[PDB]
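Next up: just one chain, as structure tokens, the form deposited in one PDB entry.
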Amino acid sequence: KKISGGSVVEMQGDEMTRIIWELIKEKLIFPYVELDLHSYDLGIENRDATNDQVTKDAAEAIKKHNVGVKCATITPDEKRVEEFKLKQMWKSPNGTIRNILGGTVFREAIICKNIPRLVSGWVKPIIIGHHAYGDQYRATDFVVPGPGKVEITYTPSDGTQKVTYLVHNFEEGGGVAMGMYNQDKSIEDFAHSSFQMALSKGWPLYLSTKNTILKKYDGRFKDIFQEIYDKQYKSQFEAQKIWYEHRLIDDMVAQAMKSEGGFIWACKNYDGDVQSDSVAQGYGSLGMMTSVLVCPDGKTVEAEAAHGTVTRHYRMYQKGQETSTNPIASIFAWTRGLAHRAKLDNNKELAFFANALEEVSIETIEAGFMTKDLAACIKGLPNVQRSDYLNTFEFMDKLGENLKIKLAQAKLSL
């Protein structure tokens, strides 16, 4: 440890990403960077032991220190309750954190020149901002056990009126029902971040909704974006020869699929969650994408890997079999977090380190050293041989070597 990093909130995860997380710290961060590290273990076991209170604490710590880096976590269902002998099916730690912090989640592929895409046309990046607050992650769902009436009601805080809407009358048998909601202020912040991101990149902005189907719910997003565009941002867009356009999600996914890339895609929370996986895989790997939650203040960020804990690879790890799991997304959670840390503190040595590690990661892959997913992009999956890639440790070690070299050359330079 030499560079003085400052205050960072670290959230430990589960399964294969927890393995990779420790390797990143040991071989990449800790040798070169001293951090005041506020560490919260979001491993499923510690969440169960704390009644998921560690998750709320971690989110409050991020508010305090303005940067956090999160490892992927298990969101348990019934099967996970049985697997770990959990007390309850805990809520997604990502939902909990994003709903405490608010803001927009920006996701973008990590491009290496030698890696063929699955989608032939994307020669420019697609950047998905997605609203981080509300909707399905805050929803209230339940089983309808039998016949009866489901209603949803709104009571203003003065208690002077009540509006009851019929959801469904279940005449025969049961089913499921759910309420969900969003807030105007959170929607307004989301539009601002989306418009500002478009201007920062010089790219057109598209917002996707279902507003033809949900006329009030999605119509509110469409209206808030349009009001804020026509008032504040529309001339700035024209000055850069870019535009803002609302599209139906149906049209939007087809346009993106056939596009060349090079646009900002504003998504509702659920669409951004799902489409970012399609996009990341389309550029060739879920392991090559960045995800940063940018809070409305412009000060606080949470960087993360958007993919999951890679359970299938973890099961092989548990048997001693070789794994090749792409660490790049998890590494970029650290570099994006430290880069923001550096900016807040005007720390040039940290800013240099964060970019250096990003450069090493891409250069290493472009020199032919990669995990199996990326070799599968170059070859076909059925054509890949063991000699074509590196196991998770071998790849981390190669990154470690090249990082030491790159930082050694920087010190020698000038």
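Each residue number is its position in the shown sequence, starting from 1. What we label the rigid core is the largest C-alpha set whose atoms superpose within 1.5 Å from one form to the other.
Looking at the other PDB entries for this protein, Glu172 is present in the model in all of those that include the residues around it, rather than absent from a third. Judged by the one-third criterion across other entries of this protein, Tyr133, though modelled here, is missing from at least a third of those that model both its neighbours. Higher mean CA temperature factor between 235-243 and 302-310: 235-243, per the PDB entry. Here 332-340 and 199-207 are compared by their mean Cα B-factor, and 199-207 comes out higher. When the C-alpha B-factors of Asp230, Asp273, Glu151, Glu83 are read from the PDB record, the largest value belongs to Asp230.
Per the PDB entry, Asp297 shows the highest C-alpha temperature factor of the residues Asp218, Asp277, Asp297, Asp135.
Sorting the modelled residues of the chain by their CA temperature factor places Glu358 in the middle third. Ranked against the other modelled residues of its chain, the C-alpha B-factor of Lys113 as given in the entry falls in the highest third. Per the PDB record, residue ranking by Cα B-factor puts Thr392 in the middle third of the chain. Ranked by C-alpha B-factor against the other modelled residues of its chain, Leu28 falls in the lowest third. Per the deposited record, the Cα B-factor of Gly43 falls in the lowest third when ranked against the other modelled residues of its chain.
Just so you know, the form deposited with a small molecule bound exists too; it's not on screen, but the next bit is about it.
The stretch that touches the small molecule in the bound PDB entry, counting heavy atoms within 4.5 Å, is 108-116, out of 108-116, 222-230, 179-187, 141-149. For the three marked residues, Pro125, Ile128 and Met257, a heavy atom of each sits within 4.5 Å of the small molecule in the bound PDB entry.
With the partner omitted from this view, the residue of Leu293, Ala198, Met289, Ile331 that lies near the small molecule in the bound PDB entry is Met289 [heavy atom within 4.5 Å].
With the partner removed from view, the residue among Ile242, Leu344, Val81, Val253 that has a non-hydrogen atom within 4.5 Å of the small molecule in the bound PDB entry turns out to be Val253. Among the candidates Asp297, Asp77, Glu83, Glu227, displacement between the shown form and the other one reaches 2 angstroms at the C-alpha for one position only, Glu227 (superposition on the rigid core). Once you line up the core between the shown form and the other one, the Cα of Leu344 stays within less than 2 Å of where it was. Annotation: Cα of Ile110 displaced by less than 2 Å between the shown form and the other one, core superposition. In a rigid-core overlay of the protein, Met316 has its C-alpha displaced by under 2 Å between the shown form and the other one. In the bound PDB entry, the Cα atoms of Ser200 and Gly68 sit 3 Å or more nearer to each other than they do here. Whereas the shown form places them at one spacing, the Cα atoms of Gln183 and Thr96 lie at least 3 Å farther apart in the bound PDB entry.
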